[PDB]
4 protein chains.
Amino acid sequence: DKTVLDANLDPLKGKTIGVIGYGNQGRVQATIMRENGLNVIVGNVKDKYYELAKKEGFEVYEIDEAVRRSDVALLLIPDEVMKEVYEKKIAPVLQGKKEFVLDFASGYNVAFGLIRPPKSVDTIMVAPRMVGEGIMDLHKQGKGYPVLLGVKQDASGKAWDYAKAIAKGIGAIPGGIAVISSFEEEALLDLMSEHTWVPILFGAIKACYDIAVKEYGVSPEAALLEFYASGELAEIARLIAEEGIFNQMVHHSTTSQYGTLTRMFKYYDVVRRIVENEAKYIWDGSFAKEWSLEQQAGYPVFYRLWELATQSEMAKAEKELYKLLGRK
Amino acid sequence: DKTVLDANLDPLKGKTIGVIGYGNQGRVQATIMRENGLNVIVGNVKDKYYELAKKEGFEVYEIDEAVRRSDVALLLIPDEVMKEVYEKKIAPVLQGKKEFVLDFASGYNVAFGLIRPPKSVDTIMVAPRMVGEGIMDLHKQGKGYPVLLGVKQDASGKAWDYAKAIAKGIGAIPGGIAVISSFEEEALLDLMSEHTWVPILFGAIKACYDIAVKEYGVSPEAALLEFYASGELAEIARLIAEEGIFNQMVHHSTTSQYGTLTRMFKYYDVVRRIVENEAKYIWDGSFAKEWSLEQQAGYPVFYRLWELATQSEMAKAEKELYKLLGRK
Amino acid sequence: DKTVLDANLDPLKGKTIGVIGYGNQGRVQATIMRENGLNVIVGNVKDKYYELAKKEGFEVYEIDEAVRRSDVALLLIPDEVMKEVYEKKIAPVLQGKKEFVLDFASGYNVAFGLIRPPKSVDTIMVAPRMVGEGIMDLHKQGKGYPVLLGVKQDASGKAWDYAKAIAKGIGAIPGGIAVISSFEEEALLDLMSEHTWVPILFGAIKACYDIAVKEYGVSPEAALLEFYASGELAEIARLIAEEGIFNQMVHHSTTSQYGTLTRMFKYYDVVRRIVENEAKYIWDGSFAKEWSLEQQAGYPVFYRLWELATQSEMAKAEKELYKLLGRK
Amino acid sequence: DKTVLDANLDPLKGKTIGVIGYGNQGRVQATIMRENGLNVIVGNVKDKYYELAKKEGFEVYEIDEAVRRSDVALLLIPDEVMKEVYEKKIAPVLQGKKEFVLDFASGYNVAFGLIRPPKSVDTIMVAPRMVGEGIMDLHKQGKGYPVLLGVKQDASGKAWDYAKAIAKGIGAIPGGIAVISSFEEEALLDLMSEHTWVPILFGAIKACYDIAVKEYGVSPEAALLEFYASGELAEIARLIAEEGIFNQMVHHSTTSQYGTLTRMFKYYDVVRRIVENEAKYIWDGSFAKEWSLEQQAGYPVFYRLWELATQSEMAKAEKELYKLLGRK
Ligand SMILES: NC(=O)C1=CN([C@@H]2O[C@H](COP(=O)(O)OP(=O)(O)OC[C@H]3O[C@@H](n4cnc5c(N)ncnc54)[C@H](O)[C@@H]3O)[C@@H](O)[C@H]2O)C=CC1
Ligand SMILES: NC(=O)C1=CN([C@@H]2O[C@H](COP(=O)(O)OP(=O)(O)OC[C@H]3O[C@@H](n4cnc5c(N)ncnc54)[C@H](O)[C@@H]3O)[C@@H](O)[C@H]2O)C=CC1
Ligand SMILES: NC(=O)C1=CN([C@@H]2O[C@H](COP(=O)(O)OP(=O)(O)OC[C@H]3O[C@@H](n4cnc5c(N)ncnc54)[C@H](O)[C@@H]3O)[C@@H](O)[C@H]2O)C=CC1
Ligand SMILES: O=C(O)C1(C(=O)O)CC1
Ligand SMILES: O=C(O)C1(C(=O)O)CC1
Ligand SMILES: O=C(O)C1(C(=O)O)CC1
Ligand SMILES: O=C(O)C1(C(=O)O)CC1
Ligand SMILES: [Mg+2]
Ligand SMILES: [Mg+2]
Ligand SMILES: [Mg+2]
Ligand SMILES: [Mg+2]
Ligand SMILES: [Mg+2]
Ligand SMILES: [Mg+2]
Ligand SMILES: [Mg+2]
Ligand SMILES: [Mg+2]
């Protein structure tokens, strides 16, 4: 009832498009927009990404120059830095424009009140559900992916059509779909995913390895092969996406079904408590504070935790093994 | 140091192979063994799988007949029923043989002392790391998968070569590898996987859905798209298998990296406790008892939990959605 | 809205009826069905109940013979044994029939997946709300009782009429009523009753006796007379059924009303917790496992608990007293 | 095995040395380097320390000028501010140099990823084990002190010799020794000292004073004399450094030995727990965040805690007393 499976592309036509930030997402999205008959110019600071963009047949102007030239702008730089960059390079140029469309790939900065623009511009959002490195793949298979879109500020009365045209232009639909929502919901959901069932999974795997090796005298090779060094999880996830999370298990053994179901219904309350805590922590705005301050300090915790993860026993063993298998 | 990347196939040659149980694994393995120039006959009870095997150009004899004819037998029926079936249909025919090789796809029945054969036969094990429905795929891509192999009883002094020839014959190597271990370790690892980080993941996802819908007024469609209805997890898992569990995250956003790492190191002790409890429960032999009794009663808990899972709100919503997307 | 107060009886007419199990319920139901112009034959194993049935003018055939002869069958044997008896004596004869109606007095075996029949038969349920020894009584007063009915499998499109005709035939309606429901609900409710407020009541009575005697120097006779050896509870329960559980108390003293209400609202949370625990334990299917295994072991706990109950002080005292009063 | 007791000094010769920050450490180290035939110029902002350096026969250039002139630079300013100062005054001048040696007196900024230089420079560390005011003393006694040294980045293949020459040049060896380590270990150790057994000691002393005065009616003078106003602790610490922490106690009374040992082995677990917590807090990088943010806010907690410490009863009493004794 709140979905789209295809839409138009023409309101983009004639206009000029500016993709600020040629990284994980800017690279892919700009490439596809080019392939869809949309002349896109890139705006980036002077670094290696500048070299790259300039090297892939892109007119890499400076940010403000791009905004000047462009009627549509895509703010594809980290969720952590498009505030310093906003009022210092965009908001001024914005006081000059009157017809301008501004897009995000997330609701972080705006849902938490870090970027509040004026009544002159159209303020939208369109967010994929991939990592970018997994979008090149689907595009090379004539496929599409899902997205979420939402609008905060309707200056021209035409927001939704612009959003849907963008969706079609970057390669989401046709082939996938898109749903309408707020910014709050998008932010909440992305962060719940990033905070609840990803880290829990990783910690459980790590704990299984540690235990099996240090209390049951197992060989690292076998542990790694069983837990994640094999492509089992990938096939399971594909079957989940194709058939259903539960129906999928009809391809497992009954032993697996039974153990999984029992232990799932056995541990539900604990993870429920955890999810409650984290979703509350987010809904308030505490995490955004935590994170912006982590920047302003210089990313110390970031650094140390990367180090601790890559200097763990499991990671060294994985190094040796992946070496053995020729995997890079 | 404990690995193989290719081996021979000839000791299989001349002999006859019997695949008892033409299901998830028997189907695939028998098919591939056929394709590798190994004449395989199938042994199964009279049901739909009998129809299937007989229909795919297989000489579907009765079990005992297959054992008679066969010099090698593969016991690919559920981990729950190859005891009634063992002494009643195999052990007698076995008292007649003297040169016979017997294979398992797991160490459950033998590690826990439910099947102890006599000194006359070779008792091995060879176990994949896939669900079967995900092996047809890799075989249709000229690829291989990992396995684990181990031997309990060496009657002919030639166990390991037989095991490795089987590995090569069913399609594991070349393309993947195989490692040697006990039966205890294999069982422990498979069950730890099936009991710790799969059900935890599923329960966390379910809890996220429930919370987001019942305490923050979210639309089911968006929740499902974010959490699992999208193919994000599949791409993440592929990148994990390819590059590494941590290095993979270099393709994410820094926000995701930070939240994930923090919450991973924050909740490690809890999941560690859980894994300890479950691994202990297994190492003792309690779960095998639990499970065999669940059979002998008639699978009541099994039934009820399937019902509860498929009659939850999330599953109905997924039904509607997958319908909308054309997914079956 | 989901009720019936009378219905037809003719679809039963012409057909033959088989009552498998001539015990607490089979005796009574078969007797009444006879009295309602329904020729019923009995099917039972060779024991004292066989003698009884054969002695009360019943054609006591063997089970399979009864099923052959019969177009309708009633499975009135314990909830614990109609699985061994099902596939070994019924399911085979069933593969031969195509028009056959099968009835239960409970949803235990089918709700938990211990008996799943084929698409050929009509699978219903009709369950009273009495103990059998209390139905002879009401029938000897031209009265009726309540029941619950539900159907799992509609093979002929006529289930409900068959169920209602059976209800009318055994003596429920007219005089009482009947309601439609699932099997799950019936099972849940019967077991909640049998697990929550019956045993709690008995334990409270026993504790009152023990305390009054061992800490306040009371005579056993008086304790027994007050608590249950008197017919007070019977009259209270009759008034409850007639007027209402609360309105009834208008015939008590105000002292009783006050104490009862206060202590009821005072202890509600505790019993609520207990009921939650037990209903959960049931909804999962754990109790069915517990119980089937108790059989397969040989009913040890059953035996020991009967012994402990009949060898308690209260029971001996009740023996002496009931002897004094001439009560058997 | 990882120690040095003397080394060379010549690689310093010919080069020019720049000491950025003429404070607690820069003053002392620069003075000694002068005395060792090493021409050192000072780089500092315009304040009283500028006056001082310029007044002690130092060419006090501006920071960038010093870096230009200098082939070796010592970054002896607070651990809290050499980031603003780094990229704004050093990193630019650094892009011009190719042969440059850069030294720290600690591993804080670099171990936590607040300062990551380019592959062009040599990045070392050399850290004393004194407070500076206690180094002038030992140098005026022809003695030396210990240090720790470590290198993060070897651009010229000559790091260690440079580090050891610096050690010899500032007055550590000969007379003391030096050990090699990472940056992580140095940081961890310094901070563990500053967080565990210093503050615990001070709090215990304060508590003893408070208790003795407010619950046993003692005179402040006596409490202060016993606990710290006497030079007992100094002599104890000297004997510890000379003989050993335990052997030292052979000069105490047996009463003291007994009480000390008993209560030491009695309270070990508690302090162990505390040390665990704090070392973990550090290893993650949380404290560095805490501290950099304390700066960015304006040092409020710092200020308030100084006030609370100097406005406590004990401090006023110490004021009066030290006045009485002529101590300043
Ligand atoms: N795969 C992913 O990482 C996903 C990202 N998104 C969203 O899209 C946005 C892009 O995220 P990523 O590209 O992955 O992060 P990223 O780390 O790859 O960002 C790199 C880009 O940001 C630019 N940049 C970096 N620092 C800058 C600075 N101080 N000033 C100006 N420009 C700077 C650089 O030019 C570079 O091109 C995020 O905001 C996120 O909300 C949504 C879907 C998934
Ligand atoms: N994808 C999977 O399920 C995996 C299975 N394995 C191992 O391989 C074995 C096969 O597991 P699955 O094929 O998935 O289970 P399954 O449920 O698919 O087993 C079905 C097969 O078992 C036969 N069978 C069933 N009941 C029987 C009975 N009472 N008497 C005689 N035969 C009966 C049937 O002929 C049928 O062909 C398991 O023991 C497991 O340890 C190892 C890797 C993954
Ligand atoms: N540095 C210290 O130990 C301090 C000691 N005090 C007080 O002064 C007193 C002396 O303490 P310390 O000399 O350090 O102990 P200590 O262990 O050095 O005592 C040794 C002396 O005690 C004599 N002695 C030992 N056992 C004896 C015995 N059974 N019978 C007769 N004489 C015996 C010996 O002749 C020897 O000279 C203590 O009571 C203490 O309260 C006060 C300030 C500090
Ligand atoms: O490989 C495994 O872990 C599975 C099993 O049932 O043993 C398929 C799920
Ligand atoms: O950083 C994000 O937002 C990701 C998401 O889509 O959840 C890629 C990981
Ligand atoms: O006999 C009793 O227990 C009653 C009383 O009020 O005393 C009638 C209820
Ligand atoms: O002065 C004290 O505290 C000492 C004693 O034993 O009394 C020397 C240690
Ligand atoms: Mg995100
Ligand atoms: Mg996401
Ligand atoms: Mg398994
Ligand atoms: Mg497995
Ligand atoms: Mg009952
Ligand atoms: Mg009942
Ligand atoms: Mg120090
Ligand atoms: Mg003393």
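Residue labels here follow a simple count from 1 along each chain's written sequence instead of the entry's numbering, which may differ, and residues missing coordinates are not shown. Labels are handed out in written order, letters beginning with A for the chains and numbers beginning with 1 for the ligands. The chains in this view make up only part of a larger assembly, and the values are for that part alone. In computing side-chain values, all of the structure's heavy atoms are included and hydrogens and water are not.

**Student:** Mind showing me how you'd approach the coordination of the magnesium ion (ligand 10) here?
**Tutor:** Between any two of four tetrahedral donors, the ideal angle at the metal is 109.5 degrees; between two of six octahedral donors, it is 90 or 180 degrees. Residue and element names in this part refer to chain B. Donor selection uses N, O and S atoms within 2.8 Å of the metal (3.2 Å for Na, K and Ca). Since no water is included, sites may look incomplete. Of the protein atoms, only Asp190 (OD) and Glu194 (OE) coordinate the magnesium ion (ligand 10), at distances of 1.9 to 2.0 Å. The metal-metal distance between the magnesium ion (ligand 10) and the magnesium ion (ligand 11) is 5.0 Å, with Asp190 coordinating both. Placement of the pair is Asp190 and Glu194 together in helix α9 (residues 183-195), with a separation of four residues, close to one helical turn. Whether a residue is buried, partly exposed or exposed follows from its accessible area with a 1.4 Å probe, protein chains only, as a fraction of its type maximum: under 20%, in between, or over 50%, in that order. Exposure remark for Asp190: the relative accessible area of 24% places this residue in the partly exposed category. Look at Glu194 and you get buried, because its relative accessible area is 11%. Each helix is a run of H or I in the DSSP string that is no shorter than four residues. Each strand is a run of E no shorter than two, and both are numbered from the N terminus.

**Student:** Even after reading the chapter, I still don't get the relation of the copies chain B and chain A, so can you show me in this structure?
**Tutor:** Mapping between the two chain copies consists of a rotation about an axis together with a translation along that axis. With an RMSD of 0.0 Å, chain B superimposes on chain A once it is rotated by 180° and translated 0.1 Å along the axis. The transformation relating the two chain copies, once decomposed into turn and shift, fits a two-fold axis. Closest approach to the rotation axis among the C-alpha atoms of chain B is made by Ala234 of chain B, whose C-alpha sits 2.5 Å away. Pairs of residues are marked as contacts when any of their non-hydrogen atoms sit within 4.5 Å. The fraction of interface residues of chain B whose copies in chain A are also interface residues reaches 99%, indicating that both copies meet through the same surface. Copies are aligned to one another through a least-squares fit of their C-alpha atoms.

**Student:** Help me understand the packing of helix α13 (residues 254-266) of chain A against helix α16 (residues 300-310) of chain B in this model?
**Tutor:** Packed helices, taken two at a time, are described by the angle their axes make and the gap between the axes. Helix axes are fitted to C-alpha atoms over the stretch in contact, other axes to C-alpha atoms as well, and angles between N-to-C directions run from 0 to 180 degrees. Running from N to C, α13 of chain A and α16 of chain B point in directions that differ by 65°, and their axes come no closer than 10 Å. In terms of crossing hand, the pair formed by α13 of chain A and α16 of chain B is left-handed. Between α13 of chain A and α16 of chain B, the residues in contact are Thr254, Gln257, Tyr258, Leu261, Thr262 and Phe265 of chain A and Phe302, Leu305, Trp306, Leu308 and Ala309 of chain B, respectively. Any residue outside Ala, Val, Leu, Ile, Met, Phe, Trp, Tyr, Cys, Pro, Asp, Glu, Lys and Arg is labelled polar, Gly included; the first ten of those are nonpolar and the last four are charged. A class-by-class count of the residues in the contact of α13 of chain A with α16 of chain B yields eight nonpolar, three polar and no charged. Take the far helix as the reference: if the near one is turned anticlockwise from it by less than a right angle, the crossing is left-handed, and if turned clockwise, right-handed.

**Student:** How should the site of ligand 1 be read in this particular structure?
**Tutor:** Among the 22 residues in the neighbourhood of ligand 1, the closest are listed as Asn24, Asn44, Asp79, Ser106 and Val131 of chain A. The site occupied by ligand 1 is bordered by residues of chains A and B. In the analysis that follows, any N or O atom pair within 3.5 Å is treated as a polar contact, provided that within protein one partner can donate a hydrogen and the other can accept it, and provided that, for residues neighboring in sequence, both atoms belong to side chains. Between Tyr22 of chain A and ligand 1, the recorded distance is 3.3 Å, taken from a backbone N or O atom to an oxygen atom. Measuring from an oxygen atom of ligand 1, one finds a backbone N or O atom of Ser253 of chain B at 3.1 Å. In this description, accessible areas are obtained by the Shrake-Rupley approach with a 1.4 Å probe, and a residue is regarded as covered only by the protein chains that are shown. With the chains in place, 82% of the 840 Å² that ligand 1 exposes on its own is no longer accessible. By residue class, the composition of the shell around ligand 1 is 11 nonpolar, nine polar and two charged. Only a single heavy atom is needed: when it lies within 4 Å of a molecule or strand, its residue is near that molecule or strand.

**Student:** When you look at the sheet that holds strand β1 (residues 3-4) of chain C in this model, what are you seeing that I'm missing?
**Tutor:** Picture the strands of a sheet paired through backbone hydrogen bonds; they go either parallel or antiparallel. Residues and elements named next belong to chain C. Only strands that DSSP links by at least two bridges are regarded as paired with each other. Strand order in the open sheet made by the nine strands is β1-β9-β8-β7-β6-β5-β2-β3-β4, with mixed pairing throughout. Edge positions in the open sheet fall to β1 and β4 (60-61), since each of these has one partner strand only. As paired strands, strand β3 (residues 40-43) and β4 are joined by two bridges and run parallel to one another. The residue bridging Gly43 from the neighbouring strand is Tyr61, located in β4. Along the sheet, helix α8 (residues 159-170) contacts β1, β6 (101-103), β7 (122-128), β8 (147-153) and β9 (178-180); its crossing angle with β8, the most-contacted strand, is approximately 150°. Along the sheet, helix α9 (residues 183-195) contacts β7 and β8; its crossing angle with β7, the most-contacted strand, is approximately 30°.

**Student:** How should the relation of the copies chain D and chain A be read in this particular structure?
**Tutor:** Placing chain D over chain A gives an RMSD of 0.0 Å and needs a rotation angle of 120°, together with 0.0 Å of translation along the axis. Classification of the inter-copy transformation places it as that of a three-fold axis. For chain D, the minimum C-alpha distance to the rotation axis belongs to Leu293 of chain D and amounts to 4.4 Å. With a heterologous cut-off of 20% or less, the 12% of interface residues of chain D that recur at the interface of chain A puts this contact in the heterologous class.

**Student:** Hey, could you run me through the UniProt feature "binding site: Mg(2+) 1" (unreviewed entry) in chain A in this one?
**Tutor:** UniProt records the feature "binding site: Mg(2+) 1" (unreviewed entry) for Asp190 and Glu194 of chain A in the present numbering. With near-sequence residues (within four places) excluded, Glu194 of chain A lies in contact with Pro199 of chain A together with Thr255, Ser256, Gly259 and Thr260 of chain B. UniProt positions are given in the numbering used here, feature names are shortened, and annotations may be inferred rather than shown by experiment.

**Student:** Whenever I open this one, the site of ligand 6 confuses me. Can you help?
**Tutor:** Residues and elements named next belong to chain C. The full set of residues close to ligand 6 is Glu232, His252, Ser253 and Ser256. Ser253 is positioned with one of its side-chain polar atoms (N or O) 2.3 Å from an oxygen atom of ligand 6. Out of a free accessible area of 270 Å², ligand 6 has 49% covered by protein chains. Taken together, the residues of the shell around ligand 6 sort by class into no nonpolar, three polar and one charged.

**Student:** Any chance you could explain the domain arrangement of chain A here in plain terms?
**Tutor:** Accessible area lost upon the coming together of the parts serves often as the stated size of an interface. Residue and element names in this part refer to chain A. Domain boundaries shown here were taken from an automatic or database domain assignment. Annotation of chain A at the domain level lists domain 1 (1-181) and domain 2 (182-328). On a C-alpha basis, the centres of domain 1 and domain 2 stand 30 Å from each other. Accessible surface is computed with a 1.4 Å probe, and the buried area is the amount of it that two parts give up when combined, taken over both parts together. Together domain 1 and domain 2 conceal approximately 1300 Å² of surface at their shared face, both sides included; 67% is due to carbon and sulfur atoms. If you sort the residues of domain 1 by the area they bury against domain 2, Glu80, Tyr108 and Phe112 come out on top, with a joint share of 43%. The term salt bridge refers to a pairing of a side-chain nitrogen on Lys or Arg with a carboxyl oxygen on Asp or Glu at a separation within 4 Å. For the interface between domain 1 and domain 2, the tally reads zero salt bridges. Joining domain 1 to domain 2, the criterion identifies four residue pairs in polar contact. Those elements giving two or more residues to the side of domain 1 that touches domain 2 turn out to be α6 (108-111), β7 (122-128) and β8 (147-153). Its residues placed into classes, the side of domain 1 that touches domain 2 shows 10 nonpolar, four polar and three charged.

**Student:** Just checking my understanding: could you explain the pairing of strand β5 (residues 72-75) of chain B for this structure?
**Tutor:** Looking along a regular strand, one sees the side chains alternate between the two faces of the sheet. All names here are of chain B. Judged by which residues are buried, β5 turns out to be covered on both faces: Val72 and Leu74 on one side and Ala73 and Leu75 on the other are all buried. Examined bridge by bridge, strand β2 (residues 17-20) and β5 share four bridges and lie parallel to one another. By the bridge assignment for β5, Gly18 is matched with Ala73. One ladder, built from three bridges, connects β5 with strand β6 (residues 101-103); its direction is parallel.

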